[PDB]
Structures are given as structure tokens and as C-alpha cells.
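Enquirer: Structure, please.
(one chain, ligands or ions: 1)
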Amino acid sequence: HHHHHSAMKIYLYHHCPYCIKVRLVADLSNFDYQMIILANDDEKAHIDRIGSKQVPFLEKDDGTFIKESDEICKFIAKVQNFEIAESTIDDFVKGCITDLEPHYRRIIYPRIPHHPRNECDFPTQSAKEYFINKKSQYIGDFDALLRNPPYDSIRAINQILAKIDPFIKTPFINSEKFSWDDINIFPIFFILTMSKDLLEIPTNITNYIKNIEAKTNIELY
Ligand SMILES: [Cl-]
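Expert: Numbering: from 1, shown residues only. Please see the structure below:
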């Protein structure tokens, strides 16, 4: 009835962490799906289907759609009869993950449209310029940030990851059971590898994301 992850359509971007949430559950549960990567400036492909420019969204066999990544994950888990453990990781780690946001806006986000692995998300110059024009509101100037990565944000990310690392386990983030902590935290580690040349990704986090990469079709940057 289903195949190993290596029929229903899932519309997404490669770089989007909310889409990573869906691919994580889909690949680990061997959910049979067809990955549809939408160009960043292809507004009509989003709006014609779900009426808004957002990803991810899943198309069922009956032609109806599910948006919201959390709801797509629960649907896939139901279809596959695949258990997802509840969140158990310490609130300290959740707070540290939240503190990464102002820094990865400056360190990682400007690299999104230009990274060679994101060419599927940005197959044209207009898709790249679309993203830059659309995201420069709350990010800033992409050229200035790319030429001068703020080292205070580099230090802040390194320090936060150092504080998080003792709590990170294998095979999954809370050891044996795949959980909602994997769903909510791994996408943050995933996008961090876009700037691995600038950042210090510690041992436990490195082993954890390498295991997720091995068990899925998600490739780290
Ligand atoms: Cl979106």
C-alpha cells in the first residue's frame, strides 16, 4: 500500500523550515507523497489552490487541501499509523531556540535565495529578487549582511548552541522516540547549516542532524 521513502502531492520549498517539518514526518513514516517544489515568485500556483501564498500545503486524493504544518504532520501520522511522542525536552532548550531568531535572521536568511542547494526554490533571477524584495522589510539589506556577517550574532548563535548541545540526543532529539521536539527543533538546526562555514555547530547537534539526514531524504547544506 505504501513504499519506503527513498501519490499525494505536497507543495513546499526546500529551504522553508515549516516544510521541513512535513518532510521529516513524511520520510520517517514512509508516507507515499510527490514533492512539488514551487518557485518563490510563482504566486498563482499557491493562490489558485489554497487562496494564499504560503507553504507547505498537502493535496489529498479527493482534491482537498491541508495547510498548517502541524495539521499536515498529524494527518500523515494518522494515515501511516505512525506515533509521534509528546514534547519532553527541557524548557531551557525551548527558550534558547527562541533566542536564535534575531541572529539567524541576520546570519542565515540573507543566504537563502543565493545558496546553490536552493536553486529548486529559486530557478530564476526573478524568484531570487522576489524573495529579496519581499523579505528585506524585517531582515535588512541582503548585500550588506552578506558582505558583513555580524560577528556578534555569530558569537550569540555559537554560545546558544553550546548551551543546547548537552540536551541533544540520538537517534532522535530525546533519544529513542521520535517526538514533536524533533518536529519543532530539527528545522532550526537544518537552516543553520546554510551558514555552517561561519558557525560552530557542536558535537551532539552535528550527530543528531546527520542521523536525521541519513534516515530521510532531507539533505543538509
Ligand atoms: Cl510560506
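
Enquirer: what residues does this protein put near the ion?
Expert: Proximity of the chain to the ion (C-beta under 5 Å from the ion) is limited to residues 54-55. In short, each C-beta sits where N, CA and C put it, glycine included.

Enquirer: Can you name the residue of the chain nearest to the ion?
Expert: In the chain, the residue that lies nearest the ion is residue 54 (4.0 Å; C-beta to the ion).

Enquirer: now that residue, what's its secondary structure?
Expert: What DSSP: H, G, I helix; E, B strand; the rest coil gives for residue 54 is coil.

Enquirer: Surely it and residue 67 touch.
Expert: Yes. If you go by C-beta atoms under 8 Å, residue 54 and residue 67 touch, sitting 6.6 Å apart.

Enquirer: The residue of the chain closest to the ion: what's it in contact with?
Expert: 46, 67 (C-beta atoms under 8 Å, 6 or more residues apart in numbering).

Enquirer: Can you give me the domain assignment for this structure?
Expert: Split into domains by curated CATH domains, the chain comes to 15-92, 97-221.

Enquirer: Throw the ones you listed into JSON lines and include distance to residue 9, thanks.
Expert: Shown next, in JSON lines, are the domains of the chain (distance: least, C-beta to C-beta, whole Å):
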{"stretch": "domain 15-92", "distance to residue 9": "4"}
{"stretch": "domain 97-221", "distance to residue 9": "15"}
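
Enquirer: of those, which approaches residue 6 most closely?
Expert: Of all those, it is domain 97-221 that lies closest to residue 6, at 6.7 Å by C-beta to C-beta.

Enquirer: how long is the closest one from one end to the other?
Expert: Domain 97-221 has an end-to-end distance of 20 Å (C-alpha to C-alpha, to the nearest Å).

Enquirer: just stretch 171-190 next, same as before
Expert: Using C-alpha to C-alpha, the two ends of stretch 171-190 sit 16 Å apart.

Enquirer: Tell me the gap between it and the middle of its chain.
Expert: 12 Å (C-alpha atoms, centre = their mean, to the nearest Å).

Enquirer: buried set for the helix or strand residue 161 falls within?
Expert: Per DSSP states H and E, residue 161 falls inside helix 151-164. Across helix 151-164, burial judged by 16 or more other C-beta atoms under 10 Å covers 153-154, 156-158, 160-161, 164.
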